[PDB]
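Since the structure comes first, as structure tokens, the remarks are kept for the end.
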Amino acid sequence: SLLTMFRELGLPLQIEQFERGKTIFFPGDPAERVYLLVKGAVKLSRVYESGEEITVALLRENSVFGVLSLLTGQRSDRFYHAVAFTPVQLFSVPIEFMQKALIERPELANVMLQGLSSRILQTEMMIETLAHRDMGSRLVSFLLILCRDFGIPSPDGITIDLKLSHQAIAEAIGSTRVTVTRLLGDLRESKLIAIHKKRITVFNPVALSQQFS
Amino acid sequence: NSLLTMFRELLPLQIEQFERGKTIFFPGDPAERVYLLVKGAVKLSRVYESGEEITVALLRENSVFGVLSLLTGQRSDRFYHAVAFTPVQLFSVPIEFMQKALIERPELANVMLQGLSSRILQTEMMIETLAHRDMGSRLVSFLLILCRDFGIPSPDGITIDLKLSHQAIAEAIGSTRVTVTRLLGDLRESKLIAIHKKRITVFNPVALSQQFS
Amino acid sequence: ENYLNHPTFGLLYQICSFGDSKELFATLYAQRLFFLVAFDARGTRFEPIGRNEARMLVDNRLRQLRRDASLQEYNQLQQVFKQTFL
Amino acid sequence: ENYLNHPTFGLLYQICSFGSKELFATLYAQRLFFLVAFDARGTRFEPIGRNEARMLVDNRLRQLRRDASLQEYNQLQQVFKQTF
DNA sequence: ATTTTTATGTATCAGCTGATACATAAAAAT
DNA sequence: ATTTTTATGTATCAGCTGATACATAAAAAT
Ligand SMILES: O=C(O)CCC(=O)C(=O)O
Ligand SMILES: O=C(O)CCC(=O)C(=O)O
């Protein structure tokens, strides 16, 4: 329904195209719009001056972002790095043309709240993952989430439909790339995962989920 | 205070009192309500079968929670542990009584979207903290947030107005109580903080924040 | 082990198939939420429920299969039931 | 050294006083800058962008320098120097 | 098809920090 | 006020994991 409502904020609203790795918004850009990722994935990241990049969350389909614009207004500026992790199609409404649109159609106001709710929980699920001490448990917990959002059914196991570099991952669970390759190898020999054509695949993710009760 | 103003009008509504340590909702409960903490602190936590607790978010005054109810309603069951970490006063409106009240008063619809948006940013700010590798940087990053939420002006430094048990901290930053007492002992010597009667007082929190720009 | 892609909560994994053609599905991580899926021509609608309400639904399906079907089908649900609730 | 707390935002720290409207910045990593006016009927909060909040202090610097005391000009420069 | 950039596999180390125990202080209970 | 339950300070050592470097494969640029 988030997909249905956004398409009615104009007369028709046009769909933006974003190529792989192409950045949507950058830190210090004014936030004037509320966005809705329709297809693909979007990487929100904190970027230090040291150059080290920390992935805050990896959004999935039908996710609402640009949450800061709603409260801040155009005046304030972004503090995160919104990058198109995969080829992505998204919508974009100026917040001012949204607040007016909220009061005209309160039915859409309801749809939105639910969308933001999902975000909260999804971001909270992340907290769980990083809240682990055991990097092994932390990696897996993360991989589970990946199966949930970007995963596509494959005969041996769920395969995440995305291309993920060891670094891109290491940036997500708060560790180094070395430790990522290191641990992944351990899960290769334990035969719990598999990597072919640069795409990851977990084996019976449900069993892994039970360990985390 | 709009959040505080609008919630009040859902005849009027009387405020709920929770004693220290007393639980608001447990896991498994029918998530049929949306809450708005007015004063005091609410500890949202995940609890494993192993019995261990992971603090997801430590809420502040004028913070909206119980967000799951807006998605599925009274049909689905909780999975987080909502505890009153400090003596707390809050409101509680049933999702249904809300869903209708949102359409009736379009002024309130926006008030809610802003409040959930803060939580997404707050929950995201937590990610940053835990995303550190260095437990030292991680602890501080956390202490910074506490000053931002529960902190009060004290002459030498900002004293967070809350009492934190080493464990309670350990549970929040994904570490052990031992390391907490250990790291705290280092920050005393480094003369960046001071502890009296379980009150944590940072000196020039600004300086400490300068690290992360 | 049979999957279905919820728009919001992502991948869901099948628990069992009821006689009404209605099927019970569950969240991939931690079995946090349960759903009743009904396949209408353009329906494929989702209907959320709680674990208690979800347990008894499978319970009914447990008894029906044993009396009027093969032990293995009953056992296969029993596996699921055994793991999912116990 | 002066802290005020916008309720959604959390605690904020003073940067400069324009003259007495004041500019307050967010505590964690100064992500948001807010203009605050101490009206008798309540405080008022207005967020502004980084680039803009900069020039606003700039003008104040020259004004402390050319019309006022030595001390004060230095102090504001400290905050400016650090904040940027 | 050539080169040269990026990603992955493997090697090496040092130092946290988790794990366990104890001592002591603080708080709660009696 | 006395006791006894909880919180904090300290001691220990083992091992993972960050830091550093390289090999090699894969990919991207040219
Ligand atoms: O709102 C922003 O600009 C940063 C964070 C964000 O986009 C989001 O959480 O969806
Ligand atoms: O929404 C729930 O039921 C659990 C999480 C929550 O309460 C919150 O995000 O405030």
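Chains as they are written, first to last, in PDB author numbering: chain D, 7 to 16, 20 to 222; chain F, 6 to 15, 20 to 222; chain H, 4 to 89; chain J, 4 to 22, 24 to 88. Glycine included, C-beta positions come from ideal geometry on N, C-alpha and C.
Going along the chain, which residues of its own chain have a beta-carbon closer than 6 Å to the beta-carbon of residue i, five neighbours each way excluded?
i              : result
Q83 (chain D)  : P39 and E41
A179 (chain D) : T185, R186 and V189
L139 (chain D) : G183
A41 (chain J)  : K25 and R48
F12 (chain F)  : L45 and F100
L111 (chain D) : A118
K172 (chain F) : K207
Sorry if obvious, but does the Cβ on residue i come closer than 6 Å to a heavy atom of ligand 1?
i              : result
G160 (chain F) : no
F74 (chain D)  : yes
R42 (chain D)  : no
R87 (chain D)  : yes
May I ask you to report which of helix, strand or coil DSSP gives residue i?
i                    : result
residue 17 (chain D) : Chain D lacks coordinates between 16 and 20, the interval that contains residue 17 (chain D).
residue 18 (chain D) : Within the gap of chain D, which runs from 16 to 20, lies residue 18 (chain D), and it has no coordinates in the structure.
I52 (chain J)        : strand
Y57 (chain F)        : coil
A33 (chain H)        : coil
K48 (chain F)        : strand
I178 (chain F)       : helix
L68 (chain F)        : coil
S20 (chain H)        : strand
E62 (chain F)        : strand
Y77 (chain H)        : helix
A216 (chain F)       : helix
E26 (chain J)        : strand
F100 (chain D)       : strand
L173 (chain F)       : coil
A40 (chain F)        : coil
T47 (chain J)        : strand
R208 (chain D)       : strand
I33 (chain D)        : strand
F84 (chain J)        : helix
Take residue i and list the residues in its own chain whose beta-carbon comes closer than 8 Å to its own, dropping the five residues that flank it on each side.
i              : result
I63 (chain F)  : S54, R55, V56, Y57, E180 and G183
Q75 (chain H)  : none
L65 (chain J)  : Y77, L80, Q81 and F84
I202 (chain F) : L152, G166, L193, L196, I209, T210, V211 and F212
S150 (chain F) : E137, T138, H141 and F221
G124 (chain F) : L8, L45, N71, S72 and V73
Hey, would you say the C-beta of residue i is under 6 Å away from at least one heavy atom of ligand 2?
i              : result
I52 (chain H)  : no
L77 (chain F)  : yes
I129 (chain D) : yes
Which residues in the same chain as residue i place their Cβ atom closer than 7 Å to its Cβ, once the five residues preceding and following it in sequence are excluded?
i              : result
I169 (chain F) : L155, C156, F159, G160 and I209
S174 (chain F) : none
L36 (chain H)  : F12, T30 and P51
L14 (chain J)  : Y6, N8 and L31
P103 (chain D) : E41 and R42
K48 (chain D)  : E70, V97 and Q98
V120 (chain D) : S7, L8 and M11
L67 (chain D)  : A50, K52, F94 and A181
Hey, is residue i close to ligand 4, as in C-beta under 6 Å from one of its heavy atoms?
i             : result
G46 (chain J) : With respect to small molecules bound, the structure shown includes ligand 1 and ligand 2 and not ligand 4.
Stretch pair the region 84-104 of chain F + the region 44-60 of chain H: three plus CB contacts closer than 8 Å: Verdict: yes, contact present.
Touch test, the region 125-135 of chain D against the region 126-138 of chain F, Cβ-Cβ under 8 Å, three pairs minimum: A contact exists between the region 125-135 of chain D and the region 126-138 of chain F.
Stretch pair the region 154-168 of chain F + the region 202-217 of chain F: three plus CB contacts closer than 8 Å: Contact between the region 154-168 of chain F and the region 202-217 of chain F is present, because at least three Cβ pairs lie under 8 Å.
The region 27-35 of chain J touching the region 81-89 of chain H, judged by at least three CB pairs closer than 8 Å: At 8 Å Cβ cutoff, the stretches do not touch.
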